[PDB]
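Undergrad: Got a structure for you, written out below as structure tokens; questions coming shortly.
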Number of protein chains: 2
Amino acid sequence: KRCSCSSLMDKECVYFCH
Amino acid sequence: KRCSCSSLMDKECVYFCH
């Protein structure tokens, strides 16, 4: 992964980080 | 912060995550 999201419900973060 | 970056050299990750 590019990063680990603080909130797993933060879908844009999940998409960015994966 | 929004997320934790795998590399702090990855500046777009820093800007998105911080």
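By order in the structure tokens, chains are A, B, ...; within a chain, residues start at 1; ligands start at 1, following the order shown.
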Within 10 Å of chain A, which residues of chain B are there when counting only C-alpha atoms? Please give them as an NGL selection string.
TA: :B and (1-7 or 10 or 13-14 or 16-17)
Undergrad: Could you give me the residues within chain B that DSSP places in helix (DSSP H, G or I), as a VMD selection string?
TA: chain B and resid 11 to 17
Undergrad: Mind dumping the selected residues with N, CA and C atoms as a PDB file, in the first residue's frame?
TA:
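Written file, result_15.pdb:
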ATOM      1  N   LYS B  11       5.762  12.843  -2.075  1.00  0.00           N
ATOM      2  CA  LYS B  11       5.191  14.114  -1.625  1.00  0.00           C
ATOM      3  C   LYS B  11       3.694  14.192  -1.834  1.00  0.00           C
ATOM      4  N   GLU B  12       3.177  13.637  -2.921  1.00  0.00           N
ATOM      5  CA  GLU B  12       1.745  13.666  -3.071  1.00  0.00           C
ATOM      6  C   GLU B  12       1.064  12.882  -1.953  1.00  0.00           C
ATOM      7  N   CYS B  13       1.655  11.780  -1.501  1.00  0.00           N
ATOM      8  CA  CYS B  13       1.110  11.103  -0.332  1.00  0.00           C
ATOM      9  C   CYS B  13       1.113  12.026   0.888  1.00  0.00           C
ATOM     10  N   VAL B  14       2.214  12.733   1.115  1.00  0.00           N
ATOM     11  CA  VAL B  14       2.282  13.632   2.274  1.00  0.00           C
ATOM     12  C   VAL B  14       1.162  14.673   2.200  1.00  0.00           C
ATOM     13  N   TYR B  15       0.955  15.266   1.044  1.00  0.00           N
ATOM     14  CA  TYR B  15      -0.068  16.317   0.917  1.00  0.00           C
ATOM     15  C   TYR B  15      -1.474  15.773   1.095  1.00  0.00           C
ATOM     16  N   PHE B  16      -1.747  14.587   0.567  1.00  0.00           N
ATOM     17  CA  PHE B  16      -3.057  13.980   0.740  1.00  0.00           C
ATOM     18  C   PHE B  16      -3.279  13.574   2.190  1.00  0.00           C
ATOM     19  N   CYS B  17      -2.275  12.947   2.783  1.00  0.00           N
ATOM     20  CA  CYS B  17      -2.426  12.336   4.103  1.00  0.00           C
ATOM     21  C   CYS B  17      -2.302  13.314   5.233  1.00  0.00           C
TER      22      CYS B  17
END
Undergrad: Put chain B on top of chain A with a least-squares fit on all C-alpha atoms, paired in order, and send it back as a PDB file with N, CA and C atoms, in the first residue's frame.
TA:
ATOM      1  N   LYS B   1       1.335  -1.166   0.096  1.00  0.00           N
ATOM      2  CA  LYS B   1       0.349  -0.121  -0.193  1.00  0.00           C
ATOM      3  C   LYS B   1       1.001   1.241  -0.048  1.00  0.00           C
ATOM      4  N   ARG B   2       0.385   2.249  -0.635  1.00  0.00           N
ATOM      5  CA  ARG B   2       0.919   3.602  -0.624  1.00  0.00           C
ATOM      6  C   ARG B   2       0.828   4.242   0.753  1.00  0.00           C
ATOM      7  N   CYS B   3      -0.222   3.944   1.494  1.00  0.00           N
ATOM      8  CA  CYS B   3      -0.448   4.586   2.788  1.00  0.00           C
ATOM      9  C   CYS B   3      -1.465   3.781   3.584  1.00  0.00           C
ATOM     10  N   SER B   4      -1.546   4.122   4.875  1.00  0.00           N
ATOM     11  CA  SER B   4      -2.458   3.484   5.815  1.00  0.00           C
ATOM     12  C   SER B   4      -3.499   4.518   6.266  1.00  0.00           C
ATOM     13  N   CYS B   5      -4.766   4.202   6.043  1.00  0.00           N
ATOM     14  CA  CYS B   5      -5.846   5.130   6.320  1.00  0.00           C
ATOM     15  C   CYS B   5      -6.254   5.167   7.784  1.00  0.00           C
ATOM     16  N   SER B   6      -6.433   6.394   8.292  1.00  0.00           N
ATOM     17  CA  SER B   6      -6.932   6.596   9.649  1.00  0.00           C
ATOM     18  C   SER B   6      -8.324   6.023   9.871  1.00  0.00           C
ATOM     19  N   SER B   7      -9.168   6.064   8.843  1.00  0.00           N
ATOM     20  CA  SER B   7     -10.486   5.420   8.868  1.00  0.00           C
ATOM     21  C   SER B   7     -10.685   4.644   7.587  1.00  0.00           C
ATOM     22  N   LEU B   8     -11.033   3.363   7.714  1.00  0.00           N
ATOM     23  CA  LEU B   8     -11.350   2.570   6.533  1.00  0.00           C
ATOM     24  C   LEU B   8     -12.714   2.890   5.967  1.00  0.00           C
ATOM     25  N   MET B   9     -13.510   3.660   6.692  1.00  0.00           N
ATOM     26  CA  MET B   9     -14.761   4.213   6.164  1.00  0.00           C
ATOM     27  C   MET B   9     -14.519   5.356   5.167  1.00  0.00           C
ATOM     28  N   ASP B  10     -13.312   5.915   5.176  1.00  0.00           N
ATOM     29  CA  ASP B  10     -12.968   7.040   4.309  1.00  0.00           C
ATOM     30  C   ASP B  10     -12.580   6.451   2.973  1.00  0.00           C
ATOM     31  N   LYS B  11     -13.563   6.297   2.087  1.00  0.00           N
ATOM     32  CA  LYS B  11     -13.323   5.502   0.882  1.00  0.00           C
ATOM     33  C   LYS B  11     -12.318   6.139  -0.054  1.00  0.00           C
ATOM     34  N   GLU B  12     -12.320   7.459  -0.181  1.00  0.00           N
ATOM     35  CA  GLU B  12     -11.317   8.052  -1.026  1.00  0.00           C
ATOM     36  C   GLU B  12      -9.917   7.781  -0.481  1.00  0.00           C
ATOM     37  N   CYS B  13      -9.741   7.767   0.836  1.00  0.00           N
ATOM     38  CA  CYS B  13      -8.455   7.357   1.383  1.00  0.00           C
ATOM     39  C   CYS B  13      -8.116   5.924   0.971  1.00  0.00           C
ATOM     40  N   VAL B  14      -9.079   5.015   1.070  1.00  0.00           N
ATOM     41  CA  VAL B  14      -8.815   3.620   0.696  1.00  0.00           C
ATOM     42  C   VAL B  14      -8.359   3.544  -0.764  1.00  0.00           C
ATOM     43  N   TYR B  15      -9.034   4.242  -1.651  1.00  0.00           N
ATOM     44  CA  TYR B  15      -8.686   4.169  -3.080  1.00  0.00           C
ATOM     45  C   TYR B  15      -7.325   4.777  -3.369  1.00  0.00           C
ATOM     46  N   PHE B  16      -6.991   5.880  -2.714  1.00  0.00           N
ATOM     47  CA  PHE B  16      -5.685   6.491  -2.902  1.00  0.00           C
ATOM     48  C   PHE B  16      -4.587   5.610  -2.321  1.00  0.00           C
ATOM     49  N   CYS B  17      -4.815   5.108  -1.118  1.00  0.00           N
ATOM     50  CA  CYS B  17      -3.771   4.409  -0.369  1.00  0.00           C
ATOM     51  C   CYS B  17      -3.592   2.979  -0.783  1.00  0.00           C
ATOM     52  N   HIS B  18      -4.614   2.345  -1.338  1.00  0.00           N
ATOM     53  CA  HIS B  18      -4.565   0.936  -1.676  1.00  0.00           C
ATOM     54  C   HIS B  18      -4.664   0.699  -3.187  1.00  0.00           C
TER      55      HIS B  18
END
